[PDB]
Amino acid sequence: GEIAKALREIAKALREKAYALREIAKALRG
Amino acid sequence: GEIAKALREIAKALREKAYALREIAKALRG
Amino acid sequence: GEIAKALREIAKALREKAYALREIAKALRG
Amino acid sequence: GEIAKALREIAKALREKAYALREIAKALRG
Amino acid sequence: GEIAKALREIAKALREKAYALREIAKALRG
Amino acid sequence: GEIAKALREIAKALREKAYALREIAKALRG
Amino acid sequence: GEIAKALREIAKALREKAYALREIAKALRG
């Protein structure tokens, strides 16, 4: 369904944010 | 549907937050 | 609908957060 | 509706987070 | 309703995040 | 309900983020 | 259901963000 697909798109965007947050942690360690 | 469209708008905003978080990571590397 | 309108209001708030995160990146570059 | 009202409450909390993120940017500029 | 109550629980968690973000700003100022 | 339960799981994950943000605040104060 | 499943996927992504935020705190302590 379109609603479930859009919710999965939200989850995908949140995973992109998680990736970026890990990059922030790595930048701080470096 | 309007609800699914709005959920996709939320996903797009979250992708722009991911953009900004990558920008923070780059600023910390520099 | 009121639900779709409220979801769009959430999207707008998330864009507001993205803008604020970009301000953080700008402060870190400076 | 109660669901729309709760969604608007979520949007309000997200705007509160945006304010705090701008406060972080201001602290970094200082 | 249980759905509205769960959405209000989400907003409550977001306000705790806002609190923490304000304390991050306070820490950076000091 | 399964939808309400999943929303409560989202709230719980947001509380975990709030926990982490408090840890960031305490790290900056230390 | 597909909607509840997608909401649980959102919660999973939020937990990934929480993990990353904890790693930011650890990097700041380090």
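As a numbering rule, every chain is indexed from 1 in the order its sequence is written, which need not reproduce the entry's residue numbers; residues that lack coordinates are not presented. Chain letters and ligand numbers both follow the written order, the letters beginning at A and the numbers at 1. Only hydrogens and water are set aside when side-chain values are computed; all heavy atoms of the structure are taken into account. Residues with missing side-chain atoms are left out of burial classes, side-chain pairs and their counts.

Determination of this PDB entry was carried out by X-ray crystallography to a resolution of 1.430 Å, according to the record.

Caption draft 1: Examining the overall build of chain A more closely. Secondary structure elements are taken from DSSP: a helix is a run of H or I of four residues or more, a strand is a run of E of two residues or more, and numbering for both begins at the N terminus. Secondary structure assignment for chain A yields one helix and zero strands. Each principal axis of the C-alpha distribution contributes one length, and for chain A these read about 45 × 5 × 5 Å.

Caption draft 2: Fine view of the packing of helix α1 (residues 2–29) of chain F against helix α1 (residues 2–29) of chain G. For the pair α1(F) and α1(G), the least separation of the axes is 8 Å and the interaxial angle reads 10°. Relative to α1(G), the element α1(F) is oriented roughly parallel. Three classes are used, and their members are as follows: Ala, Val, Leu, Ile, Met, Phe, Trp, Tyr, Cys and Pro are nonpolar, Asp, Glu, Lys and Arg are charged, and the others, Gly among them, are polar. Partitioning the contact of α1(F) with α1(G) into residue classes produces 23 nonpolar, no polar and eleven charged. With axes taken as lines fitted to C-alpha atoms, and helix axes fitted only over the stretch in contact, angles between N-to-C directions fall between 0 and 180 degrees. By definition in this entry, angles of less than 35 degrees are roughly parallel, angles greater than 145 are roughly antiparallel, angles of 65 to 115 are roughly perpendicular, and the rest are oblique.

Caption draft 3: Region of the structure containing the layout of surface pockets. Only protein atoms enter the calculation, which uses a 1 Å grid: trapped sets of points that fit a 1.4 Å probe without letting it out are cavities, open sets showing protein on both sides within 12 Å along at least five of seven lines are pockets, and any residue with an atom within 4 Å of a point is a lining residue. Grid points are joined across faces, edges and corners, and a volume is the space filled by probe spheres set on the points. Size it by volume and the largest pocket reaches roughly 780 Å³. In terms of lining residues, the largest pocket is bounded by 35 residues, among which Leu7(B), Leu7(C), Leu7(E), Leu7(F) and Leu7(G) are the most central. For the lining of the largest pocket, the elements supplying multiple residues, two or more each, are α1 (2–29) of chain A, α1 (2–29) of chain B, α1 (2–29) of chain C, α1 (2–29) of chain D, α1 (2–29) of chain E, α1 of chain F together with α1 of chain G. Of the residues in the lining of the largest pocket, the class split is 28 nonpolar, no polar and seven charged. In this structure, the second largest pocket spans a volume of roughly 580 Å³. Considering the residues around the second largest pocket, the lining is formed by 28 residues, among which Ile24(B), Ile24(C), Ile24(D), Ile24(F) and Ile24(G) are closest to the centre. Secondary-structure elements contributing two or more residues to the lining of the second largest pocket are α1 of chain A, α1 of chain B, α1 of chain C, α1 of chain D, α1 of chain E, α1 of chain F together with α1 of chain G. A per-class count over the lining of the second largest pocket returns 21 nonpolar, no polar and seven charged.

Caption draft 4: Quick peek at the interface of chain A and chain B. Contacts between the two partners involve 16 residues from chain A, matched on the other side by 17 residues from chain B. Note on definitions: buried area is the accessible-area loss of two parts on being combined, 1.4 Å probe, summed for both. Taken together, both faces of the contact between chain A and chain B bury some 1500 Å²; the carbon and sulfur share is 75%. Only one rule defines a salt bridge in this text: a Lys or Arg side-chain nitrogen within 4 Å of an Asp or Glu carboxyl oxygen. At the boundary of chain A and chain B, one finds two salt bridges. Per-class residue counts for the side of chain A that touches chain B are eleven nonpolar, no polar and five charged. Residue contacts follow a heavy-atom distance rule, with two residues in contact if any of their heavy atoms lie within 4.5 Å.

Caption draft 5: Local environment of the interface of chain A and chain G. On the side of chain G, 17 residues touch chain A, which itself brings 17 residues to the contact. The contact between chain A and chain G buries some 1600 Å² in all, and 76% of this surface belongs to carbon and sulfur atoms. The tally of links between chain A and chain G comes to one salt bridge. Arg15(A) is the partner of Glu9(G) in a salt bridge, and the nearest nitrogen-oxygen pair spans 2.9 Å. The definition of a polar contact used here is a pair of N or O atoms within 3.5 Å, where within protein one atom must be able to donate a hydrogen and the other to accept one, and adjacent residues in sequence count solely through side-chain atom pairs. There are two residue pairs in polar contact connecting chain A and chain G. Class assignment for the residues of the side of chain A that touches chain G results in eleven nonpolar, one polar and five charged.

Caption draft 6: Quick peek at the arrangement of the chains. Looking at chain B next to chain E, you find no contact at all, with the nearest C-alpha pair sitting 15 Å apart. Without any contact between them, chain D and chain F keep their closest C-alpha atoms 11 Å apart.

Caption draft 7: The pattern of salt bridges, seen in detail. A complete count under the given rule lists 16 salt bridges over all chains for this structure. Here the residues in one salt-bridge network are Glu23(B), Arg22(C) and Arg29(C), joined through shared partners.

Caption draft 8: Structural context of a positive patch on the surface. A surface patch of positive charge is lined by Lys5(B), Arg8(B), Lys5(C), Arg8(C), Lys5(D) and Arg8(D). Contributing elements (two or more residues each) for the positive patch: α1 of chain B, α1 of chain C together with α1 of chain D. For patch detection, residues must exceed 30% relative accessible area and be free of salt bridges, and they are connected within 9 Å for like charges or within 5 Å for nonpolar side chains (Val, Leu, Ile, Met, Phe, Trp, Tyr). Per-residue and other accessible areas were derived by the Shrake-Rupley procedure at a 1.4 Å probe size, with only the shown protein chains allowed to occlude residues. Neither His nor the chain termini are counted; the positive set is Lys and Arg, and the negative set is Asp and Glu. Here the site of a charge means NZ on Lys, CZ on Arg, CG on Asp, or CD on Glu.

Caption draft 9: Spatial organisation of the side chain of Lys17(F). Position of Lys17(F) among the secondary structure elements: in helix α1. Residue exposure (1.4 Å probe, protein chains only): buried if accessible area is under 20% of the type maximum, exposed if over 50%, otherwise partly exposed. Buried and unpaired, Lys17(F) has no salt bridge, with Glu16(F) as the nearest side chain of opposite charge at 11 Å. Among residues more than four places away in sequence, those in contact with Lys17(F) are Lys17(E), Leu14(G), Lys17(G), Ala18(G) and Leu21(G).

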